[PDB]
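Protein chains in written order, with the authors' numbering: chain AU, 1 to 74; chain AE, 1 to 240; chain AK, 1 to 129; chain AI, 1 to 135; chain AR, 1 to 88; chain AX, 1 to 70. Each residue gets a CB set at the ideal place from its N, CA and C atoms; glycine is no exception.
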RNA sequence: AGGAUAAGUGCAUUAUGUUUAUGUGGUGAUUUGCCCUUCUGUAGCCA
RNA sequence: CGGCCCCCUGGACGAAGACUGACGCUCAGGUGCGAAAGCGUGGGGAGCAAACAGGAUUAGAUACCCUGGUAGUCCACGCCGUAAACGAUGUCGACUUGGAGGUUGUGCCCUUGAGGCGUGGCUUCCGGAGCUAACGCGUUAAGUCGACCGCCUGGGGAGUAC
């Protein structure tokens with residue numbers, strides 16, 4: 001049936017998690033290792049818009065201490 | 001008749017795929033993709049296959065020899081069934097590069113075969129060391145598999161039968177320089193260009209390629225059955 | 001920007017025949033049409049129509065022999081800033097007169113055979129190959 | 001006007017300073033015809049790595065619109081604020097003022113996982129629970 | 001890009017009385033307000049070279065459309081240059 | 001250099017394969033060589049070049065069969 | 001108060017190869033091919 | 001041109017309502033403006049380094065290779081804008097089968113591959129016509145042409161001299 005618009009598993013095989021928002025910690029940790037750093041966008045099969053915009057939103061999130069900045073912080 | 005068009009669709013609803021690449025020069029017979037799978041335009045292909053089958057009927061009386069080329073592992077058995085008799089030659093264990101241009105050399109290697117088999121079955125080269133007999137037994141086997149269904153062919157064939165162009169493009173090139181009328185079934189990455197009748201098709205789905213082959217053989221061969229009786233009666237007026 | 005629009009006309013015909021296209025359509029002019037009229041009657045194009053009330057537009061069909069091209073190129077000689085003029089006595093010979101020169105004379109646009117038969121001179125527009 | 005999504009955190013012991021400061025900053029936004037489009041208090045949270053020392057800070061997402069002129073004076077005042085440890089404000093382009101990615105996690109904080117203590121009473125006095133001095 | 005409130009003032013005073021933004025007189029006036037704001041910036045920021053590219057566009061078109069306007073009605077020109085108080 | 005990604009059940013040997021995904025790369029990988037400002041865009045960003053190898057490796061299995069080399 | 005949890009495919013000294021001084025010049029396998037190859041070889045050639 | 005953010009501001013991409021109507025192309029002269037270091041003074045110096053010392057190397061070692069280590073690198077204004085100033089295309093413009101990627105306005109999808117279709121987008125791979133000596137280009141040309149400017153006429157010596 002028409003207009004269902006983003007039920008599940010639909011638009012993309014890997015879901016876009018955020019766009020440019022960074023205030024929830026859990027959407028951000030969707031692509032952040034236990035070492036405390038981003039997985040490459042070729043590996044994740046993420047959509048480019050959300051990733052390009054994440055490069056600003058993660059630097060932001062590290063700077064507001066929602067995330068570890070650095071390997072030393074375990 | 002409208003039956004030829006009904007065959008084309010029964011076979012064609014695999015639509016091929018070959019991912020989203022395709023080849024721009026086939027585009028008029030190509031519908032736009034359904035989520036990163038190529039999908040063909042089938043309505044513009046059904047006239048084609050019927051026009052080619054009406055032309056096949058007419059060459060039955062002009063020809064002595066068909067060569068079935070564009071064979072591959074899944075479709076070879078289907079080519080065996082399409083020749084039916086020795087007015088139809090076929091290659092089903094791969095074509096080899098220069099088989100028409102250098103037919104000359106194949107016909108010398110055919111002369112080696114019918115000899116070396118009648119020597120084998122006689123028992124004739126198996127003496128001395130095992131090496132001298134075996135290097136001949138093994139080669140006799142490579143030749144026998146390659147040539148068995150084209151072995152009697154006395155000269156360059158009267159038409160050319162393509163079911164797939166993907167590795168056998170060269171057989172089509174050489175045939176056109178020898179001035180032979182070409183009957184093609186071309187896949188989605190092949191071009192429709194440069195041959196005398198084409199059916200636009202696709203190379204995938206073993207159920208489609210089987211139906212294309214069953215259809216070609218009937219139009220040429222029962223036109224041919226009628227021709228042979230006619231020819232005796234045509235020849236006899238001269239001797240009278 | 002559009003500094004010669006007859007160079008674009010000829011370039012539209014040239015890519016027409018080379019890419020084996022059946023028709024080529026474009027914006028129209030009194031000059032484009034007047035060249036096309038000599039080309040129609042000498043069979044250097046096949047036929048054309050003119051349609052567009054708002055702005056005029058020309059659609060034409062290409063030079064053949066059997067159904068694909070037998071003419072290689074059509075090029076302009078008189079052009080912007082390098083206008084070339086020939087006298088009545090000096091009207092050109094293009095592929096020993098198998099080809100045309102389209103020549104705009106004081107009395108309008110015609111082929112080198114009608115300019116010669118007239119005893120007029122003028123501007124030598126474009127030659128066939 | 002253009003939209004600037006500010007989020008900030010405040011040093012625990014110094015949190016009693018912000019409840020006075022917030023009511024001038026909001027008057028400088030609505031006095032210029034801007035709006036405060038949510039004002040969400042997050043409660044006390046644990047820093048991952050310290051910022052100006054101490055492992056704790058108290059979280060506010062204000063969610064502003066204001067003209068470009070006014071926010072420039074107001075941000076330079078917040079950054080040289082001793083109470084604020086850090087703030088980040090995100091770009092105008094394609095920016096949301098509704099439908100919070102953290103909407104459930106904000107409610108959870110407030111309901112069940114907060115401090116329930118006097119320095120985070122102050123944080124809510126600068127939060128949605130605004131208590132403010134008369135002007 | 002211009003403030004809303006200037007763009008309507010410019011529309012009331014300049015072009016035709018249809019209150020358009022496309023005619024030569026009001027486009028000259030729309031470039032001028034963007035030039036005028038920028039020469040105020042260009043008292044400093046003397047290494048700001050990618051934006052200067054723009055300055056030179058807005059000046060070059062202003063020269064051209066005033067040249068056009070003298071190629072057209074001499075009334076429209078003589079009014080425009082005096083109603084928009086241009087150059088020194 | 002035990003690699004920060006934590007091992008399932010703690011032990012004296014770090015399980016150095018099962019941890020790495022994106023570590024060293026670009027930050028500590030060009031170690032003891034001279035550091036540039038904008039070079040990384042053309043020195044290091046070789047993702048396009050590497051996708052064509054991922055496509056050729058997955059294509060050939062099927063084609064080796066289809067040519068009849070297998 | 002972690003809304004960050006051994007995961008996100010998590011894979012290859014994490015490509016980048018990691019020590020060792022120099023040494024002159026030229027040299028080989030056959031036409032005179034004749035400047036020429038064809039309007040009865042043929043529906044003469046040709047548009 | 002690469003941390004992230006605000007102020008000032010350019011340039012590009014989409015879409016409706018709507019407007020002026022060749023106001024166009026190219027450009028001798030021209031003013032304006034730097035990858036990098038060079039460069040005048042102020043501010044700044046953590047690290048690395050030309051030089052400089054010494055080791056190591058060895059047909060001998062200024063190159064090779066290492067350690068110490070300064071100006072330099074960093075910011076602000078200012079001075080001639082230098083080179084490898086590029087798709088190993090002068091500029092822009094008009095025309096030429098397309099498909100798909102990278103990735104983006106936006107209508108629609110089971111909103112079922114960084115996905116599809118509808119209709120625009122740059123940017124790019126692939127290959128058909130044409131073009132090249134060859135690589136290569138291919139609808140953003142190095143095709144089909146169009147205008148105008150810059151500039152070449154064997155090497156060395158000299159990109160200097162004048």
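How many angstroms separate the CA atom of residue i from the CA atom of residue j?
i, j, result
"residue 94/AE", "residue 23/AK", "43 Å"
"residue 19/AX", "residue 2/AX", "9 Å"
"residue 104/AI", "residue 129/AI", "18 Å"
"residue 13/AX", "residue 38/AU", "26 Å"
"residue 23/AU", "residue 88/AI", "10 Å"
"residue 7/AE", "residue 15/AE", "14 Å"
"residue 69/AR", "residue 2/AR", "23 Å"
"residue 56/AU", "residue 35/AU", "20 Å"
"residue 188/AE", "residue 50/AX", "28 Å"
"residue 71/AR", "residue 55/AK", "26 Å"
"residue 76/AK", "residue 86/AK", "15 Å"
"residue 98/AI", "residue 111/AI", "21 Å"
"residue 88/AK", "residue 114/AK", "11 Å"
"residue 120/AE", "residue 12/AE", "47 Å"
"residue 59/AI", "residue 42/AI", "5 Å"
"residue 190/AE", "residue 63/AR", "58 Å"
"residue 12/AR", "residue 70/AI", "30 Å"
"residue 80/AE", "residue 92/AE", "7 Å"
"residue 27/AX", "residue 17/AK", "58 Å"
Quick check on residue i - is its C-beta less than 8 Å from some C-beta in chain AX?
i, result
"residue 73/AE", "yes"
"residue 42/AU", "yes"
Among the options, whose alpha-carbon lies nearest the alpha-carbon of residue i?
i, options, result
"residue 203/AE", "219/AE, 98/AE, 71/AE and 27/AE", "71/AE"
"residue 44/AI", "91/AI, 127/AI, 131/AI and 134/AI", "127/AI"
"residue 165/AE", "57/AE, 238/AE and 194/AE", "194/AE"
"residue 78/AE", "22/AE, 169/AE, 198/AE and 206/AE", "206/AE"
"residue 82/AI", "110/AI, 5/AI, 112/AI and 11/AI", "11/AI"
"residue 6/AI", "53/AI, 112/AI, 86/AI and 20/AI", "86/AI"
"residue 74/AK", "104/AK, 85/AK, 16/AK and 126/AK", "126/AK"
Please tell me whether residue i has its Cβ less than 8 Å away from any Cβ of chain AE.
i, result
"residue 68/AX", "yes"
So residue i contacts chain AU; which residues on that side make the cut at Cβ distance below 7 Å?
i, result
"residue 76/AX", "Residue 76/AX falls outside the range modelled here, since chain AX spans only 1 to 70, and no answer is possible."
Give a yes or no on whether 8 Å exceeds the smallest Cβ distance from residue i to chain AI.
i, result
"residue 50/AU", "no"
"residue 67/AU", "yes"
"residue 70/AU", "yes"
"residue 27/AU", "yes"
"residue 7/AU", "no"
"residue 63/AU", "yes"
Chain AX partners of residue i, CB-CB under 8 Å?
i, result
"residue 37/AU", "22 and 23"
"residue 94/AE", "68"
If the cut is a Cβ gap below 9 Å, which residues of chain AX does residue i touch?
i, result
"residue 34/AU", "4, 5, 6 and 19"
"residue 18/AU", "Residues of chain AX passing the Cβ test: none, with the nearest at roughly 19 Å."
Counting only beta-carbon atoms, is residue i nearer than 8 Å to chain AU?
i, result
"residue 47/AX", "yes"
"residue 37/AI", "no"
"residue 51/AI", "yes"
"residue 7/AI", "yes"
"residue 101/AI", "yes"
"residue 105/AI", "yes"
"residue 94/AI", "yes"
Looking at residue i and the ligand ATP, is the gap between the Cβ and the nearest heavy atom below 7 Å?
i, result
"residue 27/AX", "This structure does not include the ligand ATP; it has no bound ligands of any sort."
Taking C-beta pairs closer than 7 Å, name the residues in chain AI that residue i reaches, listed in chain order.
i, result
"residue 60/AU", "88 and 90"
Please list the residues of the stretch 69-91 of chain AI that have a C-beta atom closer than 7 Å to any C-beta atom in chain AU, keeping them in chain order.
86, 88 and 90
For the stretch 167-188 of chain AE, enumerate the residues whose C-beta is nearer than 9 Å to any C-beta of chain AX, in chain order.
167
Check distances from the C-beta atoms of the stretch 20-44 of chain AX to those of chain AU and list, in chain order, the residues that come in under 7 Å.
21, 22 and 23
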